[PDB]
>>> print(open('structure25.txt').read())   # compact mmCIF, C-alpha atoms
# COMPACT_ATOMS: atom_id res chain seq x y z
CA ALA K 1 223.43 66.19 -6.70
CA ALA K 2 220.27 66.57 -8.85
CA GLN K 3 221.34 70.22 -9.26
CA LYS K 4 224.14 69.06 -11.51
CA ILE K 5 222.07 66.89 -13.85
CA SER K 6 219.76 69.89 -14.18
CA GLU K 7 222.70 72.06 -15.19
CA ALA K 8 223.93 69.49 -17.68
CA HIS K 9 220.65 69.53 -19.54
CA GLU K 10 220.68 73.37 -19.51
CA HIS K 11 224.05 73.19 -21.18
CA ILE K 12 222.90 70.68 -23.88
CA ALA K 13 219.95 73.00 -24.51
CA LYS K 14 222.29 75.98 -24.92
CA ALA K 15 224.58 73.92 -27.15
CA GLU K 16 221.66 73.05 -29.34
CA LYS K 17 220.66 76.69 -29.56
CA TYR K 18 224.11 77.70 -30.62
CA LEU K 19 224.00 75.10 -33.50
CA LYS K 20 220.66 76.47 -34.67
CA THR K 21 220.90 78.55 -37.72
CA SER K 22 219.18 81.55 -39.31
CA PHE K 23 219.19 83.71 -42.52
CA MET K 24 220.99 86.28 -40.32
CA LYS K 25 223.32 83.69 -38.87
CA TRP K 26 223.89 81.02 -41.46
CA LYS K 27 226.67 78.98 -39.93
CA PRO K 28 226.18 77.12 -36.66
CA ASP K 29 228.16 78.57 -33.76
CA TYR K 30 230.39 75.50 -33.43
CA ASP K 31 232.80 77.10 -30.97
CA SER K 32 230.11 78.01 -28.47
CA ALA K 33 228.31 74.68 -28.84
CA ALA K 34 231.57 72.96 -27.98
CA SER K 35 232.00 74.99 -24.81
CA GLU K 36 228.55 74.14 -23.69
CA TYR K 37 228.97 70.41 -24.47
CA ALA K 38 232.17 70.51 -22.44
CA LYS K 39 230.22 71.98 -19.55
CA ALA K 40 227.42 69.44 -19.81
CA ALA K 41 230.10 66.73 -19.72
CA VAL K 42 231.75 68.09 -16.60
CA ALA K 43 228.35 68.37 -14.93
CA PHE K 44 227.25 64.80 -15.79
CA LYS K 45 230.64 63.55 -14.60
CA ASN K 46 230.29 65.28 -11.23
CA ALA K 47 226.81 63.84 -10.91
CA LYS K 48 228.35 60.41 -11.60
CA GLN K 49 226.31 59.97 -14.80
CA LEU K 50 229.34 58.64 -16.69
CA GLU K 51 227.48 57.39 -19.78
CA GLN K 52 225.84 60.79 -20.28
CA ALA K 53 229.13 62.52 -19.63
CA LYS K 54 230.57 60.38 -22.45
CA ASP K 55 227.85 61.31 -24.94
CA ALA K 56 228.36 64.96 -24.16
CA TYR K 57 232.08 64.70 -24.77
CA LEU K 58 231.32 63.16 -28.17
CA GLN K 59 229.10 66.15 -29.06
CA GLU K 60 231.88 68.43 -27.88
CA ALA K 61 234.35 66.59 -30.14
CA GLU K 62 232.06 66.90 -33.09
CA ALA K 63 231.65 70.65 -32.41
CA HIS K 64 235.32 71.32 -32.17
CA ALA K 65 236.06 69.33 -35.37
CA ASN K 66 233.40 71.34 -37.14
CA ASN K 67 235.18 74.49 -35.95
CA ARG K 68 238.46 73.25 -37.38
CA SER K 69 239.77 72.92 -33.90
CA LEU K 70 241.61 69.59 -34.14
CA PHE K 71 243.59 69.53 -30.88
CA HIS K 72 240.46 70.18 -28.81
CA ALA K 73 238.35 67.63 -30.70
CA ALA K 74 241.09 65.14 -29.97
CA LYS K 75 241.15 66.07 -26.26
CA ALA K 76 237.47 65.56 -26.09
CA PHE K 77 237.51 62.13 -27.78
CA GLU K 78 240.12 61.12 -25.18
CA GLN K 79 237.75 62.26 -22.46
CA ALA K 80 234.90 60.17 -23.88
CA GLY K 81 237.29 57.24 -23.91
CA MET K 82 238.26 57.80 -20.33
CA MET K 83 234.57 57.80 -19.35
CA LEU K 84 234.26 54.41 -21.11
CA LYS K 85 237.29 53.04 -19.26
CA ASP K 86 235.81 54.30 -15.98
CA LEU K 87 232.60 52.46 -16.84
CA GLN K 88 234.52 49.15 -17.40
CA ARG K 89 233.95 49.41 -21.15
CA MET K 90 237.53 49.96 -22.34
CA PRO K 91 237.05 48.06 -25.61
CA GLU K 92 234.48 50.65 -26.64
CA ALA K 93 236.97 53.47 -25.99
CA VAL K 94 239.42 52.27 -28.62
CA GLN K 95 237.55 53.74 -31.62
CA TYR K 96 237.59 57.18 -29.95
CA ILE K 97 241.32 57.11 -28.91
CA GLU K 98 242.07 56.15 -32.53
CA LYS K 99 239.94 59.03 -33.84
CA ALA K 100 241.82 61.35 -31.49
CA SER K 101 245.24 60.15 -32.68
CA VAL K 102 244.27 60.77 -36.33
CA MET K 103 243.34 64.27 -35.31
CA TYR K 104 246.56 64.72 -33.42
CA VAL K 105 248.80 63.85 -36.43
CA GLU K 106 246.54 65.93 -38.71
CA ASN K 107 247.38 68.73 -36.52
CA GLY K 108 251.13 68.54 -36.42
CA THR K 109 251.40 67.08 -32.89
CA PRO K 110 252.26 63.47 -33.62
CA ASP K 111 253.94 62.76 -30.25
CA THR K 112 250.56 63.19 -28.65
CA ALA K 113 249.01 60.80 -31.15
CA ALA K 114 251.64 58.20 -30.27
CA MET K 115 251.14 58.57 -26.55
CA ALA K 116 247.38 58.27 -26.76
CA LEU K 117 247.91 55.02 -28.69
CA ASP K 118 250.53 53.71 -26.24
CA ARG K 119 248.26 54.61 -23.33
CA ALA K 120 245.27 52.77 -24.85
CA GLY K 121 247.52 49.77 -25.65
CA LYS K 122 248.39 49.31 -22.01
CA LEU K 123 244.74 49.46 -20.93
CA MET K 124 243.83 46.89 -23.57
CA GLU K 125 246.44 44.35 -22.28
CA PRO K 126 244.15 42.79 -19.63
CA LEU K 127 241.31 42.57 -22.17
CA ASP K 128 242.50 41.59 -25.61
CA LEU K 129 246.23 41.17 -26.24
CA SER K 130 245.77 41.21 -30.01
CA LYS K 131 244.25 44.69 -30.00
CA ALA K 132 246.93 45.83 -27.50
CA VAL K 133 249.65 44.61 -29.88
CA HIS K 134 247.84 46.43 -32.69
CA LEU K 135 247.74 49.78 -30.84
CA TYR K 136 251.39 49.50 -29.97
CA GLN K 137 252.23 48.93 -33.64
CA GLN K 138 250.09 51.92 -34.55
CA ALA K 139 251.99 53.97 -31.94
CA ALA K 140 255.32 52.79 -33.37
CA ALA K 141 254.31 53.73 -36.91
CA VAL K 142 253.51 57.24 -35.74
CA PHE K 143 256.81 57.52 -33.84
CA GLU K 144 258.69 56.28 -36.90
CA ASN K 145 257.04 58.83 -39.18
CA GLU K 146 258.12 61.77 -37.07
CA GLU K 147 261.50 59.99 -36.99
CA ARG K 148 261.63 59.22 -33.30
CA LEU K 149 263.49 55.94 -33.58
CA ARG K 150 264.24 55.10 -29.94
CA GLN K 151 260.52 55.56 -29.28
CA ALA K 152 259.37 53.47 -32.21
CA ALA K 153 261.70 50.54 -31.39
CA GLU K 154 260.58 50.65 -27.74
CA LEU K 155 257.00 50.21 -28.85
CA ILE K 156 257.86 47.31 -31.20
CA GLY K 157 259.55 45.79 -28.14
CA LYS K 158 256.21 45.93 -26.36
CA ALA K 159 254.53 44.23 -29.24
CA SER K 160 257.33 41.54 -29.44
CA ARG K 161 256.84 40.75 -25.75
CA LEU K 162 253.05 40.44 -26.03
CA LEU K 163 253.20 38.31 -29.12
CA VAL K 164 255.42 35.94 -27.11
CA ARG K 165 252.88 36.01 -24.28
CA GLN K 166 250.18 35.23 -26.84
CA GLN K 167 252.34 32.39 -28.17
CA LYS K 168 252.23 33.79 -31.71
CA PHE K 169 255.86 32.88 -32.25
CA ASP K 170 256.03 33.45 -35.99
CA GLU K 171 254.83 37.03 -35.47
CA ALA K 172 257.08 37.40 -32.43
CA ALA K 173 260.02 36.42 -34.59
CA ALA K 174 259.16 38.96 -37.30
CA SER K 175 258.72 41.67 -34.65
CA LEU K 176 262.11 40.88 -33.06
CA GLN K 177 263.86 40.99 -36.41
CA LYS K 178 262.43 44.45 -36.95
CA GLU K 179 263.52 45.59 -33.47
CA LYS K 180 267.04 44.27 -34.11
CA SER K 181 267.37 46.14 -37.41
CA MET K 182 266.29 49.42 -35.79
CA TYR K 183 268.79 49.10 -32.93
CA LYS K 184 271.38 48.16 -35.51
CA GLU K 185 270.65 51.31 -37.51
CA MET K 186 270.78 53.46 -34.33
CA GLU K 187 274.02 51.59 -33.48
CA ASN K 188 272.83 50.49 -30.07
CA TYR K 189 274.85 47.30 -30.17
CA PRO K 190 274.43 46.15 -26.50
CA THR K 191 270.69 46.06 -27.15
CA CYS K 192 271.01 44.16 -30.40
CA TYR K 193 272.74 41.27 -28.49
CA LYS K 194 269.72 41.10 -26.17
CA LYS K 195 267.36 40.92 -29.13
CA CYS K 196 269.42 37.99 -30.41
CA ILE K 197 268.89 36.24 -27.05
CA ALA K 198 265.19 36.68 -27.44
CA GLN K 199 265.23 35.60 -31.07
CA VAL K 200 266.99 32.33 -30.20
CA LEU K 201 264.59 31.66 -27.28
CA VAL K 202 261.70 32.04 -29.65
CA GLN K 203 263.14 29.85 -32.34
CA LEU K 204 264.14 27.06 -29.95
CA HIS K 205 260.60 27.26 -28.64
CA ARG K 206 259.29 26.66 -32.16
CA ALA K 207 261.84 23.75 -32.22
CA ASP K 208 263.40 25.40 -35.26
CA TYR K 209 267.00 24.82 -34.30
CA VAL K 210 268.24 25.90 -37.76
CA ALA K 211 266.53 29.31 -37.57
CA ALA K 212 267.95 29.67 -34.06
CA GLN K 213 271.43 29.06 -35.21
CA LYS K 214 270.99 31.38 -38.15
CA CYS K 215 270.18 34.29 -35.76
CA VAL K 216 273.48 33.74 -33.97
CA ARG K 217 275.34 33.38 -37.26
CA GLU K 218 273.86 36.63 -38.50
CA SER K 219 274.71 38.45 -35.32
CA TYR K 220 278.45 37.76 -35.67
CA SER K 221 278.62 40.65 -38.03
CA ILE K 222 277.09 43.03 -35.40
CA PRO K 223 280.11 44.85 -33.89
CA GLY K 224 281.01 43.58 -30.44
CA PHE K 225 278.66 40.63 -30.56
CA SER K 226 281.29 37.85 -31.03
CA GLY K 227 283.20 38.80 -27.88
CA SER K 228 280.22 39.47 -25.66
CA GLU K 229 278.78 37.40 -22.74
CA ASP K 230 275.57 37.35 -24.69
CA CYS K 231 277.10 35.44 -27.50
CA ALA K 232 278.94 33.10 -25.15
CA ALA K 233 275.69 32.25 -23.45
CA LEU K 234 273.82 31.64 -26.71
CA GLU K 235 276.60 29.40 -27.97
CA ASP K 236 276.37 27.36 -24.75
CA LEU K 237 272.62 27.19 -25.18
CA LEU K 238 272.74 25.98 -28.77
CA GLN K 239 275.47 23.51 -27.90
CA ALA K 240 273.39 22.14 -25.08
CA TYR K 241 270.30 21.84 -27.26
CA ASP K 242 272.30 20.15 -29.98
CA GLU K 243 274.06 17.66 -27.65
CA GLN K 244 270.77 17.24 -25.75
CA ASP K 245 272.48 18.13 -22.41
CA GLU K 246 269.54 18.95 -20.09
CA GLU K 247 271.67 20.10 -17.15
CA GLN K 248 273.46 22.69 -19.27
CA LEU K 249 270.32 23.89 -21.03
CA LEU K 250 268.53 24.45 -17.75
CA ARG K 251 271.64 26.14 -16.24
CA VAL K 252 271.94 28.60 -19.09
CA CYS K 253 268.25 29.39 -19.14
CA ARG K 254 268.52 30.28 -15.44
CA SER K 255 271.67 32.44 -15.55
CA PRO K 256 271.30 36.20 -14.79
CA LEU K 257 271.93 37.12 -18.41
CA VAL K 258 268.72 35.34 -19.24
CA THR K 259 266.55 35.67 -16.16
CA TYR K 260 267.01 39.43 -16.13
CA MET K 261 265.52 39.62 -19.62
CA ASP K 262 262.04 41.13 -19.84
CA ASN K 263 259.48 38.90 -18.14
CA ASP K 264 257.96 37.32 -21.25
CA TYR K 265 261.36 36.13 -22.53
CA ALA K 266 262.60 35.01 -19.10
CA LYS K 267 259.52 32.83 -18.77
CA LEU K 268 259.97 31.43 -22.27
CA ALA K 269 263.46 30.45 -21.24
CA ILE K 270 262.15 28.81 -18.09
CA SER K 271 259.89 26.49 -20.04
CA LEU K 272 262.47 25.38 -22.59
CA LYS K 273 263.43 21.68 -22.68
CA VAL K 274 266.07 19.59 -24.45
CA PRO K 275 264.32 17.92 -27.49
>>> encode(input="structure25.txt", output="structure tokens")
Amino acid sequence: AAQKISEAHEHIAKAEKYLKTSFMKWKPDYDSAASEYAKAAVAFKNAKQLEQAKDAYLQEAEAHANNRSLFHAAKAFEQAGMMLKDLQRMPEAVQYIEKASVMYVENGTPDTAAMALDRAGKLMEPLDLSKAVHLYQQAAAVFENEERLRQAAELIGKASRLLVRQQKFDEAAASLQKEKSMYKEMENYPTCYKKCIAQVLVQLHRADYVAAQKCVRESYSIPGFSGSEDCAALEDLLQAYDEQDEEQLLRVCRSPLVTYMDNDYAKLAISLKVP
């Protein structure tokens, strides 16, 4: 109860004393200040004073960074963010989760940087899709740098899907081309075909039938594409759009190949009409 708020202040006081400096001790005691800020934070949190818990975690982060302790600074920034989420102020957490990720790569633990960015992306989805797409791209860049290519592609996938949901189809197209190259490099051909489905859905949605047909043409040189169901289905779709056959276009857009796509593409297929 009130016991805990009392303790939190005692801890901030001790923190401040540790940072105080003297001719006999001429460098603040950053390590001990950090411990105390951590303890203030935990106390405020238990007392349900979330905003105060968050400010204490920021002090702890500062203290750790000042003590060259990058992993622990990062951990503390993440805790401040999670206080902000818990307060229904997730937008305000972003800056701190980003600061943490910089500290995580600086430290030689880039996986952790990419997961903090992924995690934040997902929590930003209900709030601002653009920023969510941005975090996911940031996560992908990190994964790419430490050469984790499955991981980076997966994240670009998330951004592709959300750009479709946002109806930024130009961007969605660029994102899907990038995905497709990555899976092509990794030689994951079955997944390339699916990207081609999505690429065509997007282009038909822009009513850019030429671009749509170009994706299919380009994909013929991806091994195993010409003889796949995926390609058969896209050829039927294009044919139907070209001949303006509504029955066929609706049928294809509602076949399992297409409706089992990720939700954002399946929907985009649902809404497609003959020109």
>>> closest_residue(input="structure25.txt", among="K:127, K:192, K:135, K:64", to="residue 95 of chain K", atoms="all atoms listed in the file")
K:135
>>> closest_residue(input="structure25.txt", among="K:98, K:229, K:247, K:170", to="residue 190 of chain K", atoms="all atoms listed in the file")
K:229
>>> closest_residue(input="structure25.txt", among="K:202, K:162, K:40, K:196", to="residue 218 of chain K", atoms="only C-alpha atoms")
K:196
>>> residues_around(input="structure25.txt", residues="residue 1 of chain K", least_positions_apart="3", cutoff="9 Å", atoms="all atoms listed in the file", output="tab-separated table (two decimals) with C-alpha atoms, in the coordinates of the input")
chain	number	residue	atom	x	y	z
K	4	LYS	CA	224.14	69.06	-11.51
K	5	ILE	CA	222.07	66.89	-13.85
K	46	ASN	CA	230.29	65.28	-11.23
K	47	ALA	CA	226.81	63.84	-10.91
>>> atom_distance(input="structure25.txt", atom1="atom CA of residue 197 of chain K", atom2="atom CA of residue 129 of chain K")
23.2 Å
>>> residues_around(input="structure25.txt", residues="residue 74 of chain K", least_positions_apart="4", cutoff="12 Å", atoms="only C-alpha atoms", output="PDB file with C-alpha atoms, in the frame of the given file")
ATOM      1  CA  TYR K  57     232.080  64.700 -24.770  1.00  0.00           C
ATOM      2  CA  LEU K  58     231.320  63.160 -28.170  1.00  0.00           C
ATOM      3  CA  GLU K  60     231.880  68.430 -27.880  1.00  0.00           C
ATOM      4  CA  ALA K  61     234.350  66.590 -30.140  1.00  0.00           C
ATOM      5  CA  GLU K  62     232.060  66.900 -33.090  1.00  0.00           C
ATOM      6  CA  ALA K  63     231.650  70.650 -32.410  1.00  0.00           C
ATOM      7  CA  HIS K  64     235.320  71.320 -32.170  1.00  0.00           C
ATOM      8  CA  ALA K  65     236.060  69.330 -35.370  1.00  0.00           C
ATOM      9  CA  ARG K  68     238.460  73.250 -37.380  1.00  0.00           C
ATOM     10  CA  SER K  69     239.770  72.920 -33.900  1.00  0.00           C
ATOM     11  CA  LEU K  70     241.610  69.590 -34.140  1.00  0.00           C
ATOM     12  CA  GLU K  78     240.120  61.120 -25.180  1.00  0.00           C
ATOM     13  CA  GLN K  79     237.750  62.260 -22.460  1.00  0.00           C
ATOM     14  CA  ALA K  80     234.900  60.170 -23.880  1.00  0.00           C
ATOM     15  CA  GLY K  81     237.290  57.240 -23.910  1.00  0.00           C
ATOM     16  CA  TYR K  96     237.590  57.180 -29.950  1.00  0.00           C
ATOM     17  CA  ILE K  97     241.320  57.110 -28.910  1.00  0.00           C
ATOM     18  CA  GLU K  98     242.070  56.150 -32.530  1.00  0.00           C
ATOM     19  CA  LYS K  99     239.940  59.030 -33.840  1.00  0.00           C
ATOM     20  CA  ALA K 100     241.820  61.350 -31.490  1.00  0.00           C
ATOM     21  CA  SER K 101     245.240  60.150 -32.680  1.00  0.00           C
ATOM     22  CA  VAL K 102     244.270  60.770 -36.330  1.00  0.00           C
ATOM     23  CA  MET K 103     243.340  64.270 -35.310  1.00  0.00           C
ATOM     24  CA  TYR K 104     246.560  64.720 -33.420  1.00  0.00           C
ATOM     25  CA  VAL K 105     248.800  63.850 -36.430  1.00  0.00           C
ATOM     26  CA  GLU K 106     246.540  65.930 -38.710  1.00  0.00           C
ATOM     27  CA  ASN K 107     247.380  68.730 -36.520  1.00  0.00           C
ATOM     28  CA  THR K 109     251.400  67.080 -32.890  1.00  0.00           C
ATOM     29  CA  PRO K 110     252.260  63.470 -33.620  1.00  0.00           C
ATOM     30  CA  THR K 112     250.560  63.190 -28.650  1.00  0.00           C
ATOM     31  CA  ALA K 113     249.010  60.800 -31.150  1.00  0.00           C
ATOM     32  CA  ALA K 116     247.380  58.270 -26.760  1.00  0.00           C
TER      33      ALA K 116
END
>>> closest_residue(input="structure25.txt", among="K:272, K:198, K:19, K:117", to="residue 250 of chain K", atoms="all atoms listed in the file")
K:272
>>> atom_distance(input="structure25.txt", atom1="atom CA of residue 44 of chain K", atom2="atom CA of residue 122 of chain K")
26.9 Å
>>> closest_residue(input="structure25.txt", among="K:49, K:161, K:269, K:26", to="residue 6 of chain K", atoms="all atoms listed in the file")
K:49
>>> closest_residue(input="structure25.txt", among="K:142, K:270, K:156, K:82", to="residue 181 of chain K", atoms="only C-alpha atoms")
K:156
>>> residues_around(input="structure25.txt", residues="residue 275 of chain K", least_positions_apart="2", cutoff="10 Å", atoms="all atoms listed in the file", output="NGL selection string")
:K and (204 or 207 or 241-246 or 272-273)
>>> atom_distance(input="structure25.txt", atom1="atom CA of residue 27 of chain K", atom2="atom CA of residue 54 of chain K")
25.8 Å
>>> residues_near_point(input="structure25.txt", point="(256.8, 34.7, -27.6)", cutoff="9 Å", atoms="only C-alpha atoms", output="mmCIF file with C-alpha atoms, keeping the file's coordinate frame")
data_model
loop_
_atom_site.group_PDB
_atom_site.id
_atom_site.type_symbol
_atom_site.label_atom_id
_atom_site.label_comp_id
_atom_site.auth_asym_id
_atom_site.auth_seq_id
_atom_site.Cartn_x
_atom_site.Cartn_y
_atom_site.Cartn_z
ATOM 1 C CA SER K 160 257.330 41.540 -29.440
ATOM 2 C CA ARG K 161 256.840 40.750 -25.750
ATOM 3 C CA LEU K 162 253.050 40.440 -26.030
ATOM 4 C CA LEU K 163 253.200 38.310 -29.120
ATOM 5 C CA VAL K 164 255.420 35.940 -27.110
ATOM 6 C CA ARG K 165 252.880 36.010 -24.280
ATOM 7 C CA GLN K 166 250.180 35.230 -26.840
ATOM 8 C CA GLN K 167 252.340 32.390 -28.170
ATOM 9 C CA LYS K 168 252.230 33.790 -31.710
ATOM 10 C CA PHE K 169 255.860 32.880 -32.250
ATOM 11 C CA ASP K 170 256.030 33.450 -35.990
ATOM 12 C CA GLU K 171 254.830 37.030 -35.470
ATOM 13 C CA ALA K 172 257.080 37.400 -32.430
ATOM 14 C CA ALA K 173 260.020 36.420 -34.590
ATOM 15 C CA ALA K 198 265.190 36.680 -27.440
ATOM 16 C CA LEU K 201 264.590 31.660 -27.280
ATOM 17 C CA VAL K 202 261.700 32.040 -29.650
ATOM 18 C CA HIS K 205 260.600 27.260 -28.640
ATOM 19 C CA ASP K 264 257.960 37.320 -21.250
ATOM 20 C CA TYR K 265 261.360 36.130 -22.530
ATOM 21 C CA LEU K 268 259.970 31.430 -22.270
#
>>> residues_around(input="structure25.txt", residues="residue 219 of chain K", least_positions_apart="3", cutoff="10 Å", atoms="all atoms listed in the file", output="list in words")
residues 180, 192, 193, 195, 196, 213, 214, 215, 216, 222, 223, 224, 225, 226 and 231 of chain K
>>> build_atoms(input="structure25.txt", residues="segment 261-272 of chain K", atoms="N, CA and C atoms", output="mmCIF file, keeping the file's coordinate frame")
data_model
loop_
_atom_site.group_PDB
_atom_site.id
_atom_site.type_symbol
_atom_site.label_atom_id
_atom_site.label_comp_id
_atom_site.auth_asym_id
_atom_site.auth_seq_id
_atom_site.Cartn_x
_atom_site.Cartn_y
_atom_site.Cartn_z
ATOM 1 N N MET K 261 266.183 39.142 -18.417
ATOM 2 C CA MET K 261 265.520 39.620 -19.620
ATOM 3 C C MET K 261 264.153 40.155 -19.176
ATOM 4 N N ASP K 262 263.442 40.841 -20.066
ATOM 5 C CA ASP K 262 262.040 41.130 -19.840
ATOM 6 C C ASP K 262 261.272 39.868 -19.529
ATOM 7 N N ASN K 263 260.235 40.013 -18.695
ATOM 8 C CA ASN K 263 259.480 38.900 -18.140
ATOM 9 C C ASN K 263 259.041 37.843 -19.156
ATOM 10 N N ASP K 264 258.405 38.258 -20.242
ATOM 11 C CA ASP K 264 257.960 37.320 -21.250
ATOM 12 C C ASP K 264 259.073 36.435 -21.874
ATOM 13 N N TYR K 265 260.299 36.953 -22.007
ATOM 14 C CA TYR K 265 261.360 36.130 -22.530
ATOM 15 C C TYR K 265 261.931 35.257 -21.408
ATOM 16 N N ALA K 266 262.010 35.781 -20.188
ATOM 17 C CA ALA K 266 262.600 35.010 -19.100
ATOM 18 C C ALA K 266 261.769 33.752 -18.889
ATOM 19 N N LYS K 267 260.454 33.927 -18.971
ATOM 20 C CA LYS K 267 259.520 32.830 -18.770
ATOM 21 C C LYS K 267 259.690 31.764 -19.881
ATOM 22 N N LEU K 268 259.871 32.263 -21.097
ATOM 23 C CA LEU K 268 259.970 31.430 -22.270
ATOM 24 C C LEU K 268 261.234 30.605 -22.124
ATOM 25 N N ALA K 269 262.242 31.171 -21.483
ATOM 26 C CA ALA K 269 263.460 30.450 -21.240
ATOM 27 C C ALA K 269 263.244 29.402 -20.174
ATOM 28 N N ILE K 270 262.386 29.695 -19.197
ATOM 29 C CA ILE K 270 262.150 28.810 -18.090
ATOM 30 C C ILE K 270 261.557 27.516 -18.598
ATOM 31 N N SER K 271 260.676 27.638 -19.581
ATOM 32 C CA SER K 271 259.890 26.490 -20.040
ATOM 33 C C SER K 271 260.575 25.658 -21.137
ATOM 34 N N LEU K 272 261.775 26.054 -21.538
ATOM 35 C CA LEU K 272 262.470 25.380 -22.590
ATOM 36 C C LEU K 272 262.993 24.032 -22.134
#
